[PDB]
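Only one chain is given next, in structure tokens, and it is the form deposited in one PDB entry.
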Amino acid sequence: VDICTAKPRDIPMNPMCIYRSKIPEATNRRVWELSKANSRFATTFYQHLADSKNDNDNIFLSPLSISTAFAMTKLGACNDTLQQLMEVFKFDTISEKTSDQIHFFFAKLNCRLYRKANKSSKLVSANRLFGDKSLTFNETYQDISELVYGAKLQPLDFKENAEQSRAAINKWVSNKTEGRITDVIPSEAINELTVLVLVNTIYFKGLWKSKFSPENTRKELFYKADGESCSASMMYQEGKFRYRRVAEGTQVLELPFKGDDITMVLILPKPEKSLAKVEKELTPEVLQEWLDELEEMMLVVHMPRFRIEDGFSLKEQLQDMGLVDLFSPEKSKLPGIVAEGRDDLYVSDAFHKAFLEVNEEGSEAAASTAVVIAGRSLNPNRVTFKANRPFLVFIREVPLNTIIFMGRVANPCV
């Protein structure tokens, strides 16, 4: 039956290699743990990423999507490759059983995230495997991915139609993300020696609990660091919201969607202060403190009606975060993928692309993560606009305390 009600002993799926080792009501402790882990990676990754970008740049990702995809990749890992994945993604900072049962509890967390009855806001996810038509993949490997991640294996012809296969993958990702994410894998990323491609997609579309009125939305010039300008449709509202002015005058505002199950957190540093201090001290612990301090208050909310998108490769960051072997054609270990015992597999490169849009009605967001086993290790775009005065955005799920999307909006103009 569905793994949303099953227990580890009901369907004890056997992974390739074994790892070398209050809370909310009606919530299984271990699922809560997984949330802590994923959040511990969310914050950490952002810090490395925000470190490799100009403070006046937009940043937008879905740590959830990245974690899900890499946990999927973890099925075929083994030895030091596996040890690295566990550590980097915080899968080792939890109890023994949960650590040794990641996939199953990820299935459970996901069940809670996307299969929750009576859903006021739309949150859906889709996973998928794309493998070369000529190879013979491990049956158990497929079965477990399909069972736990709902990721079926679609055969594509990378061997002779690499580029065409790429467009196919992207078209699938667009389909799942409502046409928001249409180009996750860059051109020439996939080539003749490509074996498999693991993909995850997350899509959120909710309505504000307290919507904004378009007759109050105005326009004003936004001044960029360089000296230029652009038009920004600044939304206005007045109502009660959980707010809190913290250390050094940093404002924290929460915008709950219909149902309060999911909410948007906005962190605005002091009127003429660097967000850098905030970002550097970003820990799930601090994030929790802020939200715990928020007190429902009456206030005037001003926020731009905008749209941002951010796409990038994950290789550089993850390596600087501990993941080395997985990308090394000499030290990588992925024995549990193809039945042919081809233990020469390595992840060539990984990509991510997110989308964010906000208006008087609500906020839409989509994200994807494409992991390519064997291919073209290219270095994507190294330049994007640097506007000015950015604020941090978080799209979290209240009960599970999970960070769905997270980023920094530096350019609100469109």
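Residue indices: 1-based, along the sequence shown. For clarity, a rigid core is taken as the largest C-alpha set superposing within 1.5 Å between two forms.
One more form of this protein should be noted, the form deposited with a partner chain bound, which is absent from this view; the next part is about it.
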Checklist line | Close approach of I395 to the partner chain in the bound PDB entry, 4.5 Å, heavy atom | finding: yes
Check: Is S165 a contact residue for the partner chain in the bound PDB entry, using a 4.5 Å heavy atom cut-off?
Finding: no
Check: Is the gap between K205 and the partner chain in the bound PDB entry 4.5 Å or less for some heavy atom pair?
Finding: yes
Note to self: Although the partner isn't part of this model, could you tell me whether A69 comes within 4.5 Å of the partner chain in the bound PDB entry, counting any heavy atom of the residue?
What the structure shows: yes
Item checked: Contact stretch among 257 to 265, 107 to 115, 94 to 102, 286 to 294 - heavy atom within 4.5 Å of the partner chain in the bound PDB entry -> 257 to 265
Check: in the bound PDB entry, which of the listed residues (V148, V184, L275, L156) lies with a heavy atom within 4.5 Å of the partner chain?
Finding: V184
Checklist line | Rigid-core fit between this form and the one not shown, the member of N216, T136, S231, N175 whose C-alpha shifts 2 angstroms or more | finding: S231
Notebook entry, point to check: After a core superposition, would you say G311 shifts its C-alpha by at least 2 Å between this form and the one not shown?
Noted result: no
Margin query: Could you check, with the core superposed, whether the Cα atom of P186 shifts 2 Å or more between this form and the one not shown?
Written below: yes
Check: Using the core for the fit, does the CA position of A387 change by 2 Å or more between this form and the one not shown?
Finding: yes
Check: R408 to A225, Cα distance in the bound PDB entry relative to here: closer or farther, by 3 Å or more?
Finding: closer
Next item on the list: Using the form shown as baseline, tell whether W172 and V383 are closer or farther in Cα-Cα distance in the bound PDB entry, where the change reaches 3 Å or more.
Entry: farther
